[PDB]
Structures are given as structure tokens and as C-alpha cells.
């Protein structure tokens, strides 16, 4: 019976998943597969989504609440993930999938990692330790790496979305999280990685804090990293987690208008958190 999908088999083979009770897969659209699973990780219940995106067919962009390419200005700058999708859509993008983005500091509200969008620097002054990045060059090539590597491309850097925690590096699971404090405990997680050829993107949304009938605890970073390598990530990074972790997909309603339902269970007692940046999978134009 279980597991029944390739990803389910990969996660069980990795040692990070047992007692699989849900293992479903669907096609969001051509070029985007979505897998939803429930299982135990060393005795603790979990509930995760893994999206596999064909980067020959689709691309990504970092997103803000209003699709404007300027730093956050205040509380108005944060909104639940669907708002980011709607604003991108209203500004000529066709959005198919989204997750929350990078870590933010407060007082004043400001992004902690590197943040570039459409060739415009939103932040180049990444905080201590906030070194991880998913980036794209103007030539269309996508990479996962370190902030200085992205910056070294100068005016050829198109997009950059920051993270905190390098999970997989050149096919080897990483475990150098010791400066990250309580982020090392189990948590909901959002993470992103690339295949070795950089033509496939993997997005994980790991629910946590047992806010629905799955009783999903959440994961440590070595466990998540191990799962990501298992499904094909050669390079992978941890984005903002906890109550920030949110997944949307496009739903085309009769009449043609899109909505952007949230598929996971937000860990702030089921209430979608207002987030200041995000990662959207969009059509190539």
C-alpha cells in the first residue's frame, strides 16, 4: 500500500519517514507536481508538501506585498501570502504556486538576507549569518548558494531571495546550524533546493505545532536536509519557518479568475501570517 509515490519511496528510503498514512500526488499544471504526505519522523507525526517545478517550463520571482521594488516601509508592507500572488497577477505575472520568503527583523521592519528583484537591490546588507540565497541571473540561470556568490555577478544579478541554514551543499547533507539558537528545535519549515543540473526546483512546506488533525510536530534541520537530498536536491536552503510557513497554489475558478488558496495549516493557530516577502512560481514571459 504505502508509500505509493516516488517521493514517498525516496523519503522512506532516506530513513526520515516511517508509518506513511498519506501519500498523494497531483499535477498543479504542466511543469509543477505536488506531493502531500503524512508520516512519522523518529516517532513524531509530520505532514508535508513537496513541489517539483520544471524550470525549463516555469520560472520564479521573489515577491513583495505590492510587487514594488523598494524596501519594506512599515506594517502595511506585510500581508498574507495570497495577497502577494494577487498583486503579482495584477502586474502582468501569471502565478501558479507560492511560499513565504526570507527572515525579517523588526523596528524597523527589514529583510535579513539578500533581496534582489528585477535587477533592483532591496537589500545587499545581509545580517550576520544570513548568508544563504536562491538567485537568478539575467540570463535565466537559477542557483542556490551564498550571498557573496550572488553579489559577485554585479549587474547580472536579477533575483535573490535570502534564507538562513544551508541544508544541502553539492549533494552532501549539511549540519552546521549551531549558531541558529532555538531555530534548531523542531519547527514548521519552508525550504527550497535545486537538482544538480539546476533544471528542477524542489520546494518543501513542513507543517508544525500540531494545529490540525495530522498532529504534525515539525522537523529539525538535519532531518529536513536529509529529506531534501533524498528527493533530488544537490543544493538546498532553509527559508523562514514557524508561523510564517505558508503554501498557495493557483485555482482557476469557473469564469477564469484565479484564486490562491492556502494548502497548509498556518502554525499561528491556523491564522495565515502576514509576511513581507515571498517566492512565486510564475510563467515565463
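Residue numbers count along the first chain shown, from 1.
Test of understanding: from the entry's C-alpha B-factors, which stretch has the higher mean, 164-172 or 178-186? So the stretch with the higher mean C-alpha B-factor is 178-186.
Which is higher on mean Cα B factor in this entry, 269-277 or 9-17? Higher of the two, by average CA B-factor, is 9-17.
Sort 238, 52, 56, 245 by C-alpha B-factor from the entry and give me just the highest. It is 56.
Could you tell me which one of 114, 152, 192, 85 shows the highest CA temperature factor in the PDB record? The record points to 152.
Among modelled residues of the same chain, the CA temperature factor third for residue 216: For residue 216, whose C-alpha B-factor we compare with every modelled residue in the chain, the answer is the middle third.
Where does residue 222 sit by CA temperature factor within its chain: lowest, middle or highest third? Answer is lowest: the recorded C-alpha B-factor places it there.
What third of its chain's C-alpha B-factors does residue 102 belong to: lowest, middle or highest? For residue 102, whose C-alpha B-factor we compare with every modelled residue in the chain, the answer is the middle third.
Among the chain's modelled residues, which third holds the C-alpha B-factor of residue 71? For residue 71, the deposited C-alpha B-factor lands in the middle third.
Based on the entry's values, in what third of the chain does the Cα temperature factor of residue 29 lie: lowest, middle or highest? According to the entry, residue 29 has a C-alpha B-factor in the chain's highest third.
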